[PDB]
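If you read the sequences in order, they're chains R and E.
Mapping to the working numbering: the first sequence position 176 is 176, numbers consecutive.
Mapping to the working numbering: the second sequence position 145 is 360, numbers consecutive.
One structure below.
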Amino acid sequence: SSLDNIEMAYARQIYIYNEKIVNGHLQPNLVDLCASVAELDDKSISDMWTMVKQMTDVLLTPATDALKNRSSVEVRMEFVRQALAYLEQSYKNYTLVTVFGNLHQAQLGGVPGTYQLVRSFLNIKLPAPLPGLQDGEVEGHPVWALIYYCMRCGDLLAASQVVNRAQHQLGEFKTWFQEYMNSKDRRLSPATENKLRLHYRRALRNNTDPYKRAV
Amino acid sequence: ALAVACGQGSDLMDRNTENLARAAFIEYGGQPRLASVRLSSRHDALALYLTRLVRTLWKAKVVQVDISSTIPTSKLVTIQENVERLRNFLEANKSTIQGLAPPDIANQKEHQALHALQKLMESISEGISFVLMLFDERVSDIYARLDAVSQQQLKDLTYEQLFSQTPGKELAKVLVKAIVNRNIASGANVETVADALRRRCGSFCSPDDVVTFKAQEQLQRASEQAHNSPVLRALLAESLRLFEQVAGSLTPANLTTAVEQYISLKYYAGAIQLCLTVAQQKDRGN
Numbered sequence: 001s002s003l004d005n006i007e008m009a010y011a012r013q014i015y016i017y018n019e020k021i022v023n024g025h026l027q028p029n030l031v032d033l034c035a036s037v038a039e040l041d042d043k044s045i046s047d048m049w050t051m052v053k054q055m056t057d058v059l060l061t062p063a064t065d066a067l068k069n070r071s072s073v074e075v076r077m078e079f080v081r082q083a084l085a086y087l088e089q090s091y092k093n094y095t096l097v098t099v100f101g102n103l104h105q106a107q108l109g110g111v112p113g114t115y116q117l118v119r120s121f122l123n124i125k126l127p128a129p130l131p132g133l134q135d136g137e138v139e140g141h142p143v144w145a146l147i148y149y150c151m152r153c154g155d156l157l158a159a160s161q162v163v164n165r166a167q168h169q170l171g172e173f174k175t176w177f178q179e180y181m182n183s184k185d186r187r188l189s190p191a192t193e194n195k196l197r198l199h200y201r202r203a204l205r206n207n208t209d210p211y212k213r214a215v
Numbered sequence: 216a217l218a219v220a221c222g223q224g225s226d227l228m229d230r231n232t233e234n235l236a237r238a239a240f241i242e243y244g245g246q247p248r249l250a251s252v253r254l255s256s257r258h259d260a261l262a263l264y265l266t267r268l269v270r271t272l273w274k275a276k277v278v279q280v281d282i283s284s285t286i287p288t289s290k291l292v293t294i295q296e297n298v299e300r301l302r303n304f305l306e307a308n309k310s311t312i313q314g315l316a317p318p319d320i321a322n323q324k325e326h327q328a329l330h331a332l333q334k335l336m337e338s339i340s341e342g343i344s345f346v347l348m349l350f351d352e353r354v355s356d357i358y359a360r361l362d363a364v365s366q367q368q369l370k371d372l373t374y375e376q377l378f379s380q381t382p383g384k385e386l387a388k389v390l391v392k393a394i395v396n397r398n399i400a401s402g403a404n405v406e407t408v409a410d411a412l413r414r415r416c417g418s419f420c421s422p423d424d425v426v427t428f429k430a431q432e433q434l435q436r437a438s439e440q441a442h443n444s445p446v447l448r449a450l451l452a453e454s455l456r457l458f459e460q461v462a463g464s465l466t467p468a469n470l471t472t473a474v475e476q477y478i479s480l481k482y483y484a485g486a487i488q489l490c491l492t493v494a495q496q497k498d499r500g501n
């Protein structure tokens with residue numbers, strides 16, 4: 001036999017998918033039929049199929065041409081959101097294994113709230129305070145670090161909670177952020193979007209707080 | 216004059232007054248002489264001022280056992296600030312004050328006496344920083360997970376002993392070695408508590424201990440993440456890197472605690488490699 005262990009397992013899964021269509025049955029999820037073998041290998045492959053499923057799990061127009069779906073601005077927009085949701089969740093798992101030694105170890109004690117996780121993530125990745133931070137701290141951590149890694153993990157709510165406890169320090173950023181969390185597609189209104197960009201460009205193009213720049 | 220030069224009375228022109236006070240401390244401080252030597256009035260003045268800054272501390276017990284501190288923290292801060300401003304004053308005038316710079320037997324013992332006082336000042340500041348660090352944690356928690364002899368030694372530890380006697384230094388080295396252990400259980404931040412102990416109370420902390428603390432950090436946090444599969448092989452592998460660096464300086468008590476944890480995490484082959492490495496670095500010449 002010329003098929004390696006992995007290849008053979010895939011063949012069997014493709015036989016099922018064929019047996020289903022040959023007997024007229026329900027068209028099963030191919031992506032699921034392939035990830036079934038991935039778990040038998042290292043996670044290098046499992047995390048791939050996870051990306052494949054999430055990048056292909058977009059509302060499509062059945063019985064429509066391939067080129068048309070991929071040219072439509074409608075579909076092209078959802079791809080960006082599905083990827084961002086993968087990069088955010090993927091990073092969220094990196095933040096767990098960074099605090100706890102094993103995913104299992106984190107689970108038994110219970111996944112903490114994205115806020116407390118991020119806080120327990122800042123402890124490690126910045127043990128000493130950087131002298132260039134701005135806008136003070138919040139419960140022992142720089143306010144901008146919390147906002148960034150919360151947005152990076154994809155929990156805008158956890159980030160907005162941080163903002164609510166620093167209303168006086170952050171200035172007008174509150175009304176701007178609260179609009180970003182509300183507006184869909186992660187975009188602000190052109191008027192308000194113009195107000196903040198010009199302010200940042202005005203005197204904050206080079207600020208000593210990198211987290212502030214990023215957000 | 217020394218006190219005014221250090222800003223005392225200024226809680227009430229002021230630069231010129233402090234500069235005049237400096238001039239009086241230098242010009243009229245006298246000099247050392249053979250009578251066994253008689254040190255200068257400048258030396259006795261420095262000893263008198265320093266003593267009065269710490270008179271409420273010296274003979275007092277550090278702690279009161281629910282353990283707490285004998286001296287309020289706010290008082291320890293002001294005392295430390297006063298000691299540091301005195302030190303800052305001596306450094307900024309190391310070239311103009313007689314006896315600070317190195318220089319016949321009279322001026323010799325004058326230099327030695329002044330040097331000893333300055334070493335006590337930095338030791339006082341380190342000692343105070345250590346006590347403040349201690350009570351920032353949860354001492355009662357640390358005090359519970361402690362042996363009786365060390366509880367008793369801490370019970371009757373005075374500030375004098377902490378500042379000027381080896382047992383205070385040895386006990387201080389035990390407490391720091393214990394607080395970090397506890398800090399890892401809380402697990403807020405290891406590398407911040409590191410840089411805290413590394414610099415301020417240096418000469419009492421050891422850089423080979425913080426790297427060890429960094430190793431025991433990943434070890435305990437590898438036991439925290441123990442349920443996860445792919446996160447440990449980075450924690451345990453990096454803990455192993457940290458241990459092998461301080462191999463020529465690991466205590467048998469730590470090396471054991473490391474191997475004990477490695478076995479819990481089925482990290483057999485790795486733990487063997489650490490012990491073998493610690494061996495070679497204790498005896499390189501074979």
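Every residue, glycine too, gets a C-beta built ideally from N, C-alpha and C.
Quiz item: By the criterion of Cβ-Cβ separation under 9 Å, what are the contact partners of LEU108 of chain R in chain E?
Solution: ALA441, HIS442
Quiz prompt | Backbone CA spacing between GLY222 of chain E and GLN376 of chain E [nearest angstrom] | solution = 29 Å
Practice problem: For residue 570 of chain E, decide whether its Cβ has a neighbour in chain R, counting only Cβ atoms nearer than 8 Å. | Solution: Only positions 216 to 501 of chain E appear in this structure, which leaves residue 570 of chain E out of reach.
Quiz item: Shorter than 8 Å from the beta carbon of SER418 of chain E to some beta carbon of chain R?
Solution: no
Exercise. Indicate the three-state DSSP secondary structure (helix, strand or coil) for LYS43 of chain R in the structure shown.
Key: helix
Practice problem: Can you give me the Cβ contacts of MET348 of chain E inside the same chain, cut-off strictly under 6 Å, excluding the 5 residues immediately before and after it? | Solution: none
Quiz item: What residues of chain E sit near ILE124 of chain R, judged by a beta carbon separation below 8 Å?
Solution: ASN404, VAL405, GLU406
Quiz item: Under 9 Å Cβ-Cβ, which residues of chain E neighbour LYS92 of chain R?
Solution: Within 9 Å Cβ-Cβ: nothing; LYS92 of chain R doesn't reach chain E, min ~13 Å.
Practice problem: Kindly indicate if chain R contains any beta-carbon less than 8 Å away from that of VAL446 of chain E. | Solution: yes
Quiz item: Would you say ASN102 of chain R faces chain E, with C-beta separation under 8 Å as the test?
Solution: yes
Quiz prompt | Length at least 4, wholly inside the stretch 233-288 of chain E: the alpha helix (DSSP H) runs in chain order | solution = 256-269
Exercise. In the DSSP assignment, find the alpha helix (DSSP H) that holds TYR17 of chain R and state where it starts and stops.
Key: 5-22
Quiz item: When the distance is taken between beta carbons, is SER344 of chain E closer than 8 Å to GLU299 of chain E?
Solution: no
Practice problem: Look at the alpha carbon of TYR211 of chain R and the alpha carbon of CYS490 of chain E, and state the distance between them as a whole number of angstroms. | Solution: 43 Å
Practice problem: Using three-state DSSP, classify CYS420 of chain E as helix, strand or coil. | Solution: strand
Quiz item: Beta-carbon separation of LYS429 of chain E and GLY463 of chain E under 8 Å?
Solution: no
Quiz item: Under a CB-based cut-off of 8 Å, is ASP498 of chain E close to chain A?
Solution: Considering every chain present, this structure includes no chain A. Its protein chains are R and E.
Practice problem: For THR373 of chain E, write down the residues that DSSP places opposite it in a beta bridge. | Solution: E:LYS276
Quiz item: Can the beta-carbon of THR56 of chain R be found closer than 8 Å to that of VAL75 of chain R?
Solution: no
Quiz item: At a Cβ threshold of 8 Å, is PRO127 of chain R touching chain E?
Solution: yes
Practice problem: Under the assumption that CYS150 of chain R contacts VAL118 of chain R (Cβ atoms under 8 Å), give the Cβ distance between them as a whole number of angstroms. | Solution: 5 Å
Exercise. Measure the Cβ-Cβ separation of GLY101 of chain R and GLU306 of chain E and say whether it is below 8 Å.
Key: no
Quiz prompt | Rounded separation between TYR17 of chain R and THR50 of chain R - CA only | solution = 19 Å
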